[PDB]
Asker: 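The structure under discussion is supplied below as structure tokens; questions concerning it will follow.
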Amino acid sequence: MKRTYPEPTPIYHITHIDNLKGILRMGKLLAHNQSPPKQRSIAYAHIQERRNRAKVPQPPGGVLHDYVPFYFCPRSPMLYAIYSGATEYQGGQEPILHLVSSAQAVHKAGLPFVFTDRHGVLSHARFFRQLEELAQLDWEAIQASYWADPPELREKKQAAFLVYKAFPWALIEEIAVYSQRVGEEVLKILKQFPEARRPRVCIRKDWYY
DNA sequence: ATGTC
Ligand SMILES: NC(=O)c1ccc[n+]([C@@H]2C[C@H](COP(=O)(O)OP(=O)(O)OC[C@H]3O[C@@H](n4cnc5c(N)ncnc54)[C@H](O)[C@@H]3O)[C@@H](O)[C@H]2O)c1
């Protein structure tokens, strides 16, 4: 019988530690189309233009790159591309943070969001704006440690939670890191912003490859 | 096993 979703429902954004100062200085994650002051790109360039044109067919609309993106799992396929040095970025997974919030925190804050049931660039992805539709997602595929096949699982593992334009830092509940050295560098950075929320910093090696 | 498609 099919796994239900966790409540609260965690959402996960991976970023390079060299971006954490910018996030704290702005007080928010910014969508790609808001030109975040990032220091490090961990993306594939060749899938960027698809996200700049992929229309979001739920209000508030626009395109995928109008939204701050999250997965419903850690240890994403995107992280595997980074871990394996397939990206232009060659720093590997160790400096990649998982920033963790929940879908309910976003709804409670009244921020406009949408979410998908699969990788968002796919033309057959479904989009939702009601948290009751989390039932439409495949929680087995989202939680799978082996995702490369079959193809439906690979697609559904990459269901996304999308928050329009910006995501306030105060909604982050945990920063998860690969190593004790990265956790210590994260706390150093949080201490430079003594008025910012300070989420717990947890080493979760099992969220990495 | 997995190099986001
Ligand atoms: N990052 C994720 O967890 C995630 C989740 C779901 C989908 N995706 C998509 C996969 C693909 C590559 O991802 P990503 O590299 O995140 O996207 P991107 O290529 O749009 O890069 C935006 C970068 O800016 C960073 N950032 C945002 N706000 C700030 C700020 N205020 N100061 C400094 N840096 C900031 C953000 O963390 C990310 O590293 C994009 O198309 C994403 O939309 C990513």
Side-chain angles (χ1 to χ4, degrees), chain A residues 3 9-19 23 29-36 38-57 62-101 103 113-128 134 136-164 167 176-179 182 204-209:
Chain A
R3 193 171 288 156
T9 315
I11 57 172
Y12 306 83
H13 177 91
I14 52 168
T15 200
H16 195 284
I17 192 176
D18 289 345
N19 297 333
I23 295 167
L29 289 162
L30 290 170
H32 178 111
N33 282 343
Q34 303 292 131
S35 311
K38 64 192 178 180
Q39 290 296 323
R40 198 82 50 190
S41 172
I42 67 177
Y44 286 148
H46 71 275
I47 322 181
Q48 183 198 123
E49 201 56 24
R50 298 169 73 188
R51 272 108 175 199
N52 293 335
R53 322 265 177 118
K55 284 182 187 171
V56 170
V63 295
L64 285 175
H65 269 167
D66 289 333
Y67 294 76
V68 180
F70 297 75
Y71 296 123
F72 290 104
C73 57
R75 202 173 180 274
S76 60
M78 170 180 169
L79 188 66
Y80 183 80
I82 290 161
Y83 160 76
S84 74
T87 47
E88 191 170 14
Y89 158 80
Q90 287 297 293
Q93 63 174 9
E94 176 171 14
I96 308 309
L97 314 186
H98 288 83
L99 308 178
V100 188
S101 190
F113 68 87
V114 306
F115 62 96
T116 67
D117 71 342
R118 69 190 76 211
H119 199 286
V121 301
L122 301 176
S123 55
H124 57 291
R126 301 171 70 200
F127 290 74
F128 305 101
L134 287 166
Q136 300 300 312
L137 273 49
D138 187 336
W139 294 88
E140 279 83 359
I142 287 162
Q143 289 176 5
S145 54
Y146 182 72
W147 45 261
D149 56 75
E152 191 175 47
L153 192 145
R154 189 185 184 105
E155 288 186 1
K156 292 191 158 182
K157 188 169 174 76
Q158 299 170 96
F161 188 89
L162 301 175
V163 178
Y164 190 63
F167 185 101
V177 295
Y178 180 64
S179 68
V182 174
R204 298 195 188 262
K205 293 175 158 308
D206 59 303
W207 287 14
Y208 295 81
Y209 291 90

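Both backbone and side-chain heavy atoms feed into the values below; hydrogens, waters and symmetry mates do not. Letters go in sequence order (proteins before strands), and every chain restarts at 1.
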Asker: What I want to check is whether the side chains of A:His98 and A:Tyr208 have a donor and an acceptor closer together than 3.5 Å.
Answerer: yes
Asker: Give a yes or no answer on whether the side chain of A:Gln158 reaches the backbone of A:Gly120 with a donor-acceptor pair at less than 3.5 Å.
Answerer: no
Asker: May I ask you to decide if A:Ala43's main-chain N or O and A:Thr87's side chain share a donor-acceptor pair within less than 3.5 Å?
Answerer: no
Asker: For A:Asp149 and A:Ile82, find the nucleotide of DNA chain B closest to each by heavy atoms; which residue's nucleotide sits nearer the 5' end?
Answerer: A:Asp149
Asker: Donor-acceptor pair, distance only, cut-off 3.5 Å: does the side chain of A:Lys205 make one with the backbone of A:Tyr178?
Answerer: yes
Asker: To the nearest 0.5 Å, how far apart are CG in A:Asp206 and OG in A:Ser145?
Answerer: 11.0 Å
Asker: So, taking the atom named CZ in A:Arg75 and the one named CZ in A:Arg204, what distance separates them when rounded to the nearest 0.5 Å?
Answerer: 15.0 Å
Asker: Taking any heavy-atom pair under 4.0 Å as a contact, classify A:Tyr83: base, sugar-phosphate, or nothing.
Answerer: nothing
Asker: So if I take residues 67-80 of chain A and measure heavy-atom distances to DNA chain B, which residues fall below 4.0 Å?
Answerer: A:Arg75, A:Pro77, A:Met78, A:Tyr80
Asker: If you walk 5' to 3' along DNA chain B, what is the first nucleotide with an atom under 4.0 Å of a heavy atom in chain A, and what is the last?
Answerer: B:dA1 to B:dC5
Asker: Donor-acceptor pair, A:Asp117 side chain versus A:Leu137 backbone, under 3.5 Å?
Answerer: no
Asker: Students often get this wrong, so: under 4.0 angstrom with heavy atoms, is A:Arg51 touching a base, only sugar-phosphate, or nothing?
Answerer: base
Asker: Without swapping roles, check the side chain of A:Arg51 against the backbone of A:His65 for a donor-acceptor pair under 3.5 Å.
Answerer: no
